[PDB]
Protein chains: 2
Amino acid sequence: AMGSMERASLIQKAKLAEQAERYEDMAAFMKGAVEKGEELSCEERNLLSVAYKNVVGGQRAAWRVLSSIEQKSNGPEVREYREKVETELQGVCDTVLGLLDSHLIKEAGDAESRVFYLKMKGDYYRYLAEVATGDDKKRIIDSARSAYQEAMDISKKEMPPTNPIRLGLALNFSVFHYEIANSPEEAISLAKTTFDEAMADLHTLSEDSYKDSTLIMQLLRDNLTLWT
Amino acid sequence: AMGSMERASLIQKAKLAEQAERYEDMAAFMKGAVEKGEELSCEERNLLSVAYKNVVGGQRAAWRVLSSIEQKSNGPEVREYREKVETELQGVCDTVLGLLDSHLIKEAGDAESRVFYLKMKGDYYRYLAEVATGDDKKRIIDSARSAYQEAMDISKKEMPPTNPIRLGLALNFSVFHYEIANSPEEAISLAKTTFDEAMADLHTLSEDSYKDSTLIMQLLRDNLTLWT
Ligand SMILES: [Cl-]
Ligand SMILES: [Cl-]
Ligand SMILES: [Cl-]
Ligand SMILES: [Cl-]
Ligand SMILES: [Cl-]
Ligand SMILES: [Cl-]
Ligand SMILES: [Mg+2]
Ligand SMILES: [Mg+2]
Ligand SMILES: [Mg+2]
Ligand SMILES: [Mg+2]
């Protein structure tokens, strides 16, 4: 429904929606921007990520509330409503994965862009995995793993160890290991090696880049504290 | 789209949506419950009010953000997006007013129910007034006034001065006077008389009712402090 709006107007309205904390509108404006077919700039990639992370973040928090109530109960209403929220969440994940597959990833040739979109692919498969069960859960877990792994391979070859997207990728792949793949040792090892390699590279950074990197290193630290 | 769901199931799902902070779902479930045609209990009236107050509250906060940006700017994008939010807000207000008019108010014979719904009618016209301009603004302001005034007349005849809905009605009618009707003296007079008459009636209340009443008296107090 955004096909008649100018790309630049969609981007401007995404930024306005962000200011107004209207994340569903923001995601719809950024979906329309992507569907114009042009590659996204660094700023525009961040708008896309913020919009959907806020939308899906709300759905995940709601799904968790409903799942807890449902598990305690174990009428059809709690299950029915958890399933409705779950379906809506899956639809948002499938929408984001669709944008990545058509055709953000294939056109992304620079390390910054390709790693950013593959991290997103890992994250949205991870969200699908959280609500999945059975073997269904297995192929979804492997899709999240594969995307994270390709992103990690490129980030290690192409980016310094303090690059914020490299750090955030490692952070989320470590959460995948801990929370999804039942590999807490792999999670802890990855977060520790990532933290230590970034610490050794901080001396190369300006004040502002130091601020950006140490913020994400603190997130790695917070997880290690929680997990150990 | 709720016509096939049992009334009791809609109410149960409204309560679940509230727990999950899913207020748009909560409002839709309560709209479906109202549309069953039966009167609402005290608990159900509160669910209806909470759902829509949260939905419209989000829209008002967003509209305010966008209006501020628009006024500072004075391309079409900020105006266009403020108008989109404004239209959505008006649609939610019209939906609530429609439920009150078809047929909650006319079937409400007890003071508690009638005052509750007339206060809601005042509030949703007040929200329409906030975004209205011109003469358009005048008929809307008069509709909010009329609803508040009928509610006040019944509350003074039928309820004690500490009744929480009577207090909340007076609180919101005083905000109407201050913020909409440009009658700050009427606002201050109403909040002060309401506060003083409730204070004189507190001695009649249980511990729990005392807690309920003094909470709203503090809201009256907070406004008087802001306005004086
Ligand atoms: Cl979350
Ligand atoms: Cl449902
Ligand atoms: Cl390429
Ligand atoms: Cl508000
Ligand atoms: Cl718009
Ligand atoms: Cl009646
Ligand atoms: Mg164009
Ligand atoms: Mg390219
Ligand atoms: Mg029935
Ligand atoms: Mg009746």
# chains A, B, ... in the order shown; residues from 1 in each chain; ligands from 1
call {"tool": "interface_residues", "arguments": {"of": "chain A", "to": "chain B", "cutoff": "7 Å", "atoms": "only C-alpha atoms", "output": "list in words"}}
result
residues 9, 13, 20, 62, 65, 66, 77 and 81 of chain A
call {"tool": "select_by_dssp", "arguments": {"residues": "stretch 69-141 of chain A", "states": "alpha helix (DSSP H)", "output": "PyMOL selection string"}}
result
chain A and resi 69-73+77-99+105-107+111-131+134-141
call {"tool": "residues_around", "arguments": {"residues": "residue A:56", "least_positions_apart": "2", "cutoff": "12 Å", "atoms": "only C-alpha atoms", "output": "PyMOL selection string"}}
result
chain A and resi 23-24+27+49-54+58-63+85-96+123-128
call {"tool": "residues_around", "arguments": {"residues": "residue B:153", "least_positions_apart": "2", "cutoff": "12 Å", "atoms": "only C-alpha atoms", "output": "ChimeraX atom specification"}}
result
/B:111,114-115,118-119,146-151,155-159,166,169-170
call {"tool": "write_last_selection", "arguments": {"atoms": "N, CA, C and O atoms", "output": "mmCIF file, in the first residue's frame"}}
result
data_model
loop_
_atom_site.group_PDB
_atom_site.id
_atom_site.type_symbol
_atom_site.label_atom_id
_atom_site.label_comp_id
_atom_site.auth_asym_id
_atom_site.auth_seq_id
_atom_site.Cartn_x
_atom_site.Cartn_y
_atom_site.Cartn_z
ATOM 1 N N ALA B 111 -27.302 4.482 38.333
ATOM 2 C CA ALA B 111 -26.372 5.605 38.357
ATOM 3 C C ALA B 111 -24.948 5.235 38.029
ATOM 4 O O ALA B 111 -24.329 5.937 37.232
ATOM 5 N N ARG B 114 -24.703 4.590 34.195
ATOM 6 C CA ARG B 114 -24.992 5.740 33.359
ATOM 7 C C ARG B 114 -23.925 6.842 33.442
ATOM 8 O O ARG B 114 -23.473 7.361 32.413
ATOM 9 N N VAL B 115 -23.507 7.153 34.677
ATOM 10 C CA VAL B 115 -22.418 8.094 34.896
ATOM 11 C C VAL B 115 -21.142 7.614 34.237
ATOM 12 O O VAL B 115 -20.464 8.421 33.611
ATOM 13 N N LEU B 118 -21.544 8.130 30.420
ATOM 14 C CA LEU B 118 -21.569 9.568 30.043
ATOM 15 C C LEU B 118 -20.198 10.230 30.238
ATOM 16 O O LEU B 118 -19.818 11.120 29.452
ATOM 17 N N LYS B 119 -19.467 9.840 31.280
ATOM 18 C CA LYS B 119 -18.069 10.317 31.448
ATOM 19 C C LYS B 119 -17.238 9.895 30.182
ATOM 20 O O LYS B 119 -16.455 10.693 29.612
ATOM 21 N N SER B 146 -21.846 18.786 27.207
ATOM 22 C CA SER B 146 -23.185 18.262 27.471
ATOM 23 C C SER B 146 -23.123 16.904 28.157
ATOM 24 O O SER B 146 -23.867 16.642 29.133
ATOM 25 N N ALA B 147 -22.247 16.031 27.636
ATOM 26 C CA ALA B 147 -22.116 14.678 28.218
ATOM 27 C C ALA B 147 -21.579 14.758 29.666
ATOM 28 O O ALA B 147 -22.140 14.145 30.607
ATOM 29 N N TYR B 148 -20.506 15.537 29.854
ATOM 30 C CA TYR B 148 -19.955 15.724 31.202
ATOM 31 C C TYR B 148 -21.009 16.302 32.142
ATOM 32 O O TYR B 148 -21.143 15.850 33.295
ATOM 33 N N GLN B 149 -21.779 17.254 31.639
ATOM 34 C CA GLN B 149 -22.763 17.952 32.496
ATOM 35 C C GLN B 149 -23.864 17.007 32.916
ATOM 36 O O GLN B 149 -24.264 17.004 34.091
ATOM 37 N N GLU B 150 -24.371 16.186 31.987
ATOM 38 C CA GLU B 150 -25.410 15.221 32.374
ATOM 39 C C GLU B 150 -24.854 14.227 33.408
ATOM 40 O O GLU B 150 -25.543 13.884 34.388
ATOM 41 N N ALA B 151 -23.623 13.770 33.194
ATOM 42 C CA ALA B 151 -22.976 12.847 34.143
ATOM 43 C C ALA B 151 -22.842 13.505 35.515
ATOM 44 O O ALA B 151 -23.079 12.852 36.538
ATOM 45 N N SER B 155 -24.393 12.256 39.058
ATOM 46 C CA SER B 155 -23.453 11.866 40.123
ATOM 47 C C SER B 155 -23.737 12.638 41.410
ATOM 48 O O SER B 155 -23.633 12.069 42.507
ATOM 49 N N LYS B 156 -24.096 13.914 41.275
ATOM 50 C CA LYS B 156 -24.358 14.704 42.463
ATOM 51 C C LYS B 156 -25.655 14.281 43.153
ATOM 52 O O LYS B 156 -25.753 14.373 44.397
ATOM 53 N N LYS B 157 -26.629 13.818 42.375
ATOM 54 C CA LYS B 157 -27.915 13.364 42.916
ATOM 55 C C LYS B 157 -27.830 11.966 43.530
ATOM 56 O O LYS B 157 -28.487 11.677 44.549
ATOM 57 N N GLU B 158 -27.017 11.095 42.922
ATOM 58 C CA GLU B 158 -27.075 9.653 43.177
ATOM 59 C C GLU B 158 -25.872 9.037 43.866
ATOM 60 O O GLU B 158 -25.932 7.887 44.296
ATOM 61 N N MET B 159 -24.748 9.741 43.943
ATOM 62 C CA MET B 159 -23.529 9.077 44.460
ATOM 63 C C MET B 159 -22.973 9.884 45.570
ATOM 64 O O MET B 159 -23.156 11.072 45.553
ATOM 65 N N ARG B 166 -17.515 9.252 40.438
ATOM 66 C CA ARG B 166 -17.869 10.681 40.615
ATOM 67 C C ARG B 166 -16.612 11.565 40.667
ATOM 68 O O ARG B 166 -16.582 12.633 40.048
ATOM 69 N N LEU B 169 -14.908 11.589 37.171
ATOM 70 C CA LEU B 169 -15.709 12.449 36.300
ATOM 71 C C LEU B 169 -15.367 13.918 36.549
ATOM 72 O O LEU B 169 -15.100 14.669 35.615
ATOM 73 N N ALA B 170 -15.377 14.327 37.819
ATOM 74 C CA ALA B 170 -15.075 15.732 38.141
ATOM 75 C C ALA B 170 -13.647 16.091 37.727
ATOM 76 O O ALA B 170 -13.392 17.163 37.171
#
call {"tool": "closest_atom_pairs", "arguments": {"of": "chain A", "to": "ligand 3", "cutoff": "7 Å", "atoms": "only C-alpha atoms and all ligand atoms", "output": "tab-separated table"}}
result
residue	atom	partner	partner_atom_place_in_ligand_line	distance
A:106	CA	ligand 3	1 (Cl)	5.6
A:107	CA	ligand 3	1 (Cl)	4.5
A:108	CA	ligand 3	1 (Cl)	4.9
A:109	CA	ligand 3	1 (Cl)	3.7
call {"tool": "write_last_selection", "arguments": {"atoms": "N, CA and C atoms", "output": "tab-separated table (two decimals), in the first residue's frame"}}
result
chain	number	residue	atom	x	y	z
A	106	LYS	N	21.04	-10.46	-1.72
A	106	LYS	CA	21.77	-10.78	-2.93
A	106	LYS	C	22.43	-9.53	-3.56
A	107	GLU	N	21.86	-8.35	-3.33
A	107	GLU	CA	22.46	-7.14	-3.86
A	107	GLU	C	23.50	-6.51	-2.94
A	108	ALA	N	23.66	-7.07	-1.73
A	108	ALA	CA	24.58	-6.45	-0.74
A	108	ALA	C	25.98	-6.99	-0.96
A	109	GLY	N	26.86	-6.15	-1.48
A	109	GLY	CA	28.22	-6.64	-1.83
A	109	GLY	C	29.26	-6.19	-0.83
call {"tool": "residues_around", "arguments": {"residues": "stretch 99-101 of chain B", "least_positions_apart": "5", "cutoff": "8 Å", "atoms": "only C-alpha atoms", "output": "JSON, numbers by chain"}}
result
{"B": [31, 34, 35, 106, 117, 121]}
call {"tool": "closest_residue", "arguments": {"among": "A:26, A:164, A:43, A:130", "to": "ligand 1", "atoms": "only C-alpha atoms and all ligand atoms"}}
result
A:130
call {"tool": "closest_residue", "arguments": {"among": "B:28, B:192, B:131, B:36", "to": "ligand 9", "atoms": "only C-alpha atoms and all ligand atoms"}}
result
B:36
call {"tool": "closest_residue", "arguments": {"among": "B:162, B:55, B:132, B:172", "to": "residue B:203", "atoms": "only C-alpha atoms"}}
result
B:162
call {"tool": "residues_near_ligand", "arguments": {"ligand": "ligand 9", "cutoff": "8 Å", "atoms": "only C-alpha atoms and all ligand atoms", "output": "number ranges by chain"}}
result
B: 5-8
call {"tool": "write_last_selection", "arguments": {"atoms": "N, CA and C atoms", "output": "CSV table (one decimal), in the first residue's frame"}}
result
chain,number,residue,atom,x,y,z
B,5,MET,N,-17.5,-15.4,18.1
B,5,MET,CA,-16.9,-15.8,19.4
B,5,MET,C,-17.8,-15.5,20.6
B,6,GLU,N,-17.9,-16.5,21.5
B,6,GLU,CA,-18.8,-16.4,22.7
B,6,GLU,C,-18.5,-15.1,23.5
B,7,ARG,N,-19.5,-14.5,24.0
B,7,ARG,CA,-19.3,-13.3,24.9
B,7,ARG,C,-18.3,-13.6,26.0
B,8,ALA,N,-18.4,-14.7,26.7
B,8,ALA,CA,-17.5,-15.0,27.8
B,8,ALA,C,-16.1,-15.1,27.4
call {"tool": "residues_around", "arguments": {"residues": "residue B:193", "least_positions_apart": "5", "cutoff": "12 Å", "atoms": "only C-alpha atoms", "output": "number ranges by chain"}}
result
B: 161, 167, 170-171, 174, 186-188, 198-200, 217, 220-221, 224
